[PDB]
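Notes for the one structure printed next.
Number of protein chains: 2
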Amino acid sequence: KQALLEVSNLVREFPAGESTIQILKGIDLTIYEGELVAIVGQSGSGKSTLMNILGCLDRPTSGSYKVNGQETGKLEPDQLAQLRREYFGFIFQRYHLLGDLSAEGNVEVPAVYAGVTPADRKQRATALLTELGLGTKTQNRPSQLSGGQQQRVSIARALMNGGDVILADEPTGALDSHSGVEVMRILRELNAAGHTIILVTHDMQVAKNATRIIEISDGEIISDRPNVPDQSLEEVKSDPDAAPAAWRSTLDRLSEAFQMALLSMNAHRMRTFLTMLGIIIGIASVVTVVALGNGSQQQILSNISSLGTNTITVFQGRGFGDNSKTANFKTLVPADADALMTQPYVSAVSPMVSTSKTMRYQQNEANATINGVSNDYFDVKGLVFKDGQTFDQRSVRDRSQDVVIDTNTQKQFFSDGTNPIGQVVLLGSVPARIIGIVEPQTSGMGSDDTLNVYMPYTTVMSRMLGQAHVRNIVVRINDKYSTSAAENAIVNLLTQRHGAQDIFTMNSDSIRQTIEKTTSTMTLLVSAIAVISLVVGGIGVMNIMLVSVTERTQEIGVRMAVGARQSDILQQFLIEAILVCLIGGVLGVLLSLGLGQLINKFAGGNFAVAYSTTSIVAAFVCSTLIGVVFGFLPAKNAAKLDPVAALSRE
Amino acid sequence: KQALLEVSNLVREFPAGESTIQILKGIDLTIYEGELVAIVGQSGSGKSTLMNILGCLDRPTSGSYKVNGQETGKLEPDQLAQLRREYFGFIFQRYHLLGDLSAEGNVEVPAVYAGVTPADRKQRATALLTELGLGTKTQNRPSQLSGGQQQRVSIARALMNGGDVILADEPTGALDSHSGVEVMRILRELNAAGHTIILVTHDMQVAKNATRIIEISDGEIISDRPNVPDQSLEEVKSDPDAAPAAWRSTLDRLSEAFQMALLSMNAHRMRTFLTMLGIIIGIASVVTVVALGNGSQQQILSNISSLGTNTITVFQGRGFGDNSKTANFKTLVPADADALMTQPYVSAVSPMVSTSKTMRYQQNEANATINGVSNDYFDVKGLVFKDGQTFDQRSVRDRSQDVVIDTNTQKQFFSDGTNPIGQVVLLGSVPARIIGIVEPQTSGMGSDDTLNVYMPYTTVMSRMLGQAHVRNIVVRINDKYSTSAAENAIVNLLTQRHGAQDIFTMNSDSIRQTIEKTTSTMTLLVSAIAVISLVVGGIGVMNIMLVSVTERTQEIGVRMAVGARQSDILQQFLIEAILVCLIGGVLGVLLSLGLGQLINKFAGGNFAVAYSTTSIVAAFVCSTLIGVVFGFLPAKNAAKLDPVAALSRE
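Residue numbers (the UniProt record's numbering), protein chains in the order written: chain A, 3 to 247, 260 to 664; chain B, 3 to 247, 260 to 664.
Here it is in structure tokens:
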């Protein structure tokens, strides 16, 4: 028949100085189930390398080691991990425990990396910890336990997956005489229950506890020989301790990884909040700058929407410097607008003049801008009437005091819901009857904020201003038929009619396009100086995750020796980085929101901030990608660690 | 007389569960110089607490401990540090060494904090390491040494400041039988030389190496008693080992802190380059943005530097057409300039007209801008003549073909060094003789470009263009009067002289002023989106330093135990952060430079980058301040650690 542990011709060469050295010189050994073995030797003998190979933490590399008939010489890390989970459990001199978890958690870890019900492993965990006398200390964390207590914890952990072969590296080397007697007694009782126990030690008095003492020096076994410890008379073995034993599952273990990362974040908070804080600052700056640019383009377009579509406007210079030069040198007259009206390219034309007067309705008064306009004006500027009607050509000609108001004026005087149409307000000293209401241009506030009122320009000029000239003339170019050449033919036409070239011309579509270009581009470059430099300046996640790997290299080694797959470590650290970046992106979004509603307070009427709902989705996605990226290299470096070198590193 | 170590009724309490517990009950001890003492007890007895107090790492809270007649009960941390450096040296179970330093360095550390010459301490370090058999291993790092070898290193370290009282925790607890005999024999040999040695242990077989065995349980000494070890005959001495005992020094401690921070940086490289890298990106982005803005303001001012200082320009005209229906409406005539000349506010006036023609000198062809101007023109635009003279009022009147050239045209045709004055080139079909050379408006060597040439405006209008009108008229404002009132009187004046308001005017000083305002504030905002978001988003230095304090807590404890002052730890980590920020702030400056010389290629004439030499100084200063700010909190957290808790944390 075949023994459990079958060692044939193990040669382990570790290279040193462009040459190889044999730490194991061709050892043959056979250990059957249930046997109590102490491998004893001095430092450099090869005892601990031999144990590493026995524990499937290392390969022969020349020879054969068969665990229950399975050769490990060619096996790959996850296969050796399988053998660890099924057959082996470990105990170390300094009794490595996870400072984050508790006793029950440390005990659970091996069950976690195997397939286990989270309820069931709580049952076995608390059960084993109770058998070993820690029942009251179940919830204690390693910093809260003594040396002996921690070593008993790691015993329970080794027994979680059944402890078929328990490998103890100098288990009493760290702790005192009493807890040493207890650890040794617990092991001997476990062997009495049938556990194969192999303890490696440099102390002969320690090796006395075994029934079989193998002695190793300079990579060869010099002695192996039966032994009966004398304390078997001391301990009659009264109180019995017997405790022997790609679709689907990656969901389950990935969930486990989520709680591993989550509780590890909860353990270390301050560092989570700082690394996360960089990303909060980053996403906040990104969304703040992008949304500020979007809202400022939107604002300055709706603020300049006072022009309209396909509208060429015609101005004058000053012509002042005296009040005689007013009636002299102001040459733009409504006759010019009438002339423009008969042109083939003009769909609509209006003159315009304005004055500020006190608008009174009943007891309420206010200050309003009164705009003398043609009845065509609402067509050219593109205003749509909420309720009423415009004037007529008849009413423009007859100097009607019919008046049109905008939504803001309705809000001012008629807040009662009383229909303003038909109501007679007074503008200055001139009464007016409201024939219509207009919904204005702007999206948000803007600069208006101002009460607009429209009367026929004839009535404003004659009844109010007392002037023969027009402030400016707006035209809607029909068909968009040579929209630029219309402006040119307009200046040619009025320059003929005037004595000289008296008139400035302003193209609305070109002004809008220029504003959109400049705002869009500068929002792009400023937002790049935010995004690229900041979020890319959030590499610190990578750095802190690298230092988190170097920190936990022992934790990683213990995880692997307890049966962690490389995939399991990688998923743990990727899920940690991903989760930190995701949550810190959510807080970056919220900081950007509240910060933006703060920036709406500031005096800029040109500055507004508009949050694109597809820049928020892009924010979450990009933050999570920062997690998956930086973010990656440490999560892979951890899973690629050598569990031997990882376990012994300090 | 009084013995070295005098303990009288020391009671050491710790709070447990909202109540106090006595770990040390009233203990009396007297240890004279030269005694070999083993304090032996089990875990919880109070033995290691008693040692901590003996080592001046902790205070009794009840009672007295006098080191050579000096009560430590009320002493402050730097005072206890003094006593450590003067009297004590330490040895720990796991033989704590600094993985960064070598054997010689670890041995030096106590001498380092004791104010010793690096030459002298190198001698004593190598001497002690040779005495203990490490002479060949002198340069090895702890990772390169065996357990016994490392413990021998820490022995030499304890002997550095003289090892009057050597306090050993379990010295053999980590290491095997042979190296145990070696370490323990070395101790007995040191006591033979007169070293007071106190070794605390949980193992009686270890305690028997001492001549005096004190035994302690539940905070009291149950036994104290002489002992003669049997190994005194087994150890015969063939090699007696006897090695017993203003403005200045703060600069020394800063030098040491600089050296060790530097070597620690050299130890961990990837961490350093990543931590820096954020600040390299940050400083690069700030200096790039500010220098881009300064250079773009520099260009957009030099692009509008085609105007003068205190220079009002007068334009007109848009549409094409006939000689009748267009040229009749061109009202700018040199007569307008003559009228302006007699005004009190006008220092100089020139009209201006331009045409592009092919300039030929000998075999060279080129294309030049030909500017009809008044002889006053160089006065108003502020051009200075490199060599020759301007025209005369007679030559302007007489349609002279005398011509003035700028530096660029000289560079083109006369690159032979041939004096251009007197030479006859031809402009188009019109020959001209050069009477003068002008140094242009350029700020920088990329602004100027095109070849300017100036003839009297009369000659250009009549001989070339065939037009009666002037493209525009430039006016320099005398008295340095109000340029706005100048515009007002100019527009009134030419508006009266013309039929109507025919003329547009540009104020040069106001345009320049506006460009400077908007560019400056704009770049301040964008550079704030760099700095505020980036360098402040470079908190990660603080985080890495903070976890670097965590990882080094044992290193910090050992340093304090060898005599480190809190100030010394503070200087170490604060100087580390400072150097991390400064180095890489310089690399951020260099990255910004190279990026700027990249942007000088790929960018147009509006984008240029000009690096202010007072923005680089500000870069170094600000980076170092980021060090002194963010690095501080960790550097303080390290210096405030309890050496007891720091040593036993893991």
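We put the beta carbon where it would ideally sit given N, CA and C, even for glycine.
By alpha-carbon positions, which one of the options ends up nearest to residue i?
i              : options                        : result
residue 72(B)  : 25(B), 8(B), 32(B)             : 8(B)
residue 162(A) : 405(A), 314(A), 131(A)         : 131(A)
residue 180(A) : 151(A), 195(A), 160(A)         : 151(A)
residue 377(A) : 656(A), 440(A), 318(A)         : 440(A)
residue 547(A) : 63(B), 204(B), 313(B), 291(B)  : 291(B)
residue 57(A)  : 112(A), 48(A), 663(A), 69(A)   : 69(A)
residue 2(A)   : 305(A), 413(A), 568(A), 495(A) : Given that chain A is displayed from residue 3 to residue 664, the structure contains no residue 2(A) and the question cannot be resolved.
residue 405(A) : 471(A), 231(A), 422(A)         : 471(A)
residue 322(B) : 491(B), 649(B), 626(B)         : 491(B)
residue 63(A)  : 400(A), 174(A), 17(A), 235(A)  : 17(A)
residue 244(A) : 231(A), 199(A), 268(A), 192(A) : 192(A)
residue 435(B) : 125(B), 401(B), 456(B)         : 401(B)
residue 553(A) : 287(B), 342(B), 117(B)         : 287(B)
Provide the residue(s) that pair with residue i in DSSP beta bridges, ordered along the chain.
i              : result
residue 325(B) : 490(B)
residue 73(A)  : 68(A)
residue 355(A) : None; residue 355(A) has no bridge partner.
residue 330(A) : 517(A)
residue 170(B) : 93(B), 201(B)
residue 654(A) : DSSP, once it has assigned bridges, lists no residue as partnering residue 654(A).
residue 222(B) : 219(B)
residue 181(B) : Partner(s): none; residue 181(B) has no beta bridge.
residue 371(B) : 382(B)
For a test of the three-state rule: what should DSSP assign to residue i, helix, strand or coil?
i              : result
residue 377(A) : coil
residue 237(A) : coil
residue 92(B)  : strand
residue 314(B) : helix
residue 481(A) : coil
residue 20(B)  : coil
residue 274(A) : helix
residue 452(B) : strand
residue 360(B) : strand
residue 523(B) : helix
residue 15(A)  : strand
residue 429(A) : coil
residue 418(A) : strand
Tell me which residues share the same chain as residue i and place their Cβ nearer than 6 Å to its Cβ, disregarding the 5 neighbours each side in the sequence.
i              : result
residue 11(A)  : 28, 65
residue 537(A) : 307
residue 226(B) : 216
residue 311(B) : 533
Kindly give me the distance between the Cβ atoms of residue i and residue j, rounded to whole angstroms, as I take these residues to be in contact under 8 Å.
i              : j              : result
residue 326(A) : residue 500(A) : 6 Å
residue 388(A) : residue 363(A) : 7 Å
residue 153(B) : residue 177(B) : 6 Å
residue 487(A) : residue 365(A) : 5 Å
residue 75(B)  : residue 61(B)  : 6 Å
residue 206(B) : residue 42(B)  : 6 Å
Excluding sequence positions up to five away, which residues of its chain have a Cβ less than 8 Å from the Cβ of residue i?
i              : result
residue 1(B)   : Lying before the first or after the last residue shown, residue 1(B) is absent from chain B, which here runs from 3 to 664.
residue 187(A) : 237
residue 5(A)   : 32, 33, 34, 35
residue 224(A) : 217, 218
In its own chain, which residues sit with a C-beta less than 7 Å from the C-beta of residue i, not counting the 5 before and 5 after it?
i              : result
residue 274(B) : 586
residue 591(A) : 555, 559, 641, 644, 645, 649
residue 603(B) : 297, 301, 630, 633
When you measure from the CB of residue i to every non-hydrogen atom of the ligand FMN, does any distance come out below 7 Å?
i             : result
residue 86(A) : For the ligand FMN, the structure offers nothing, since it holds no ligand at all.
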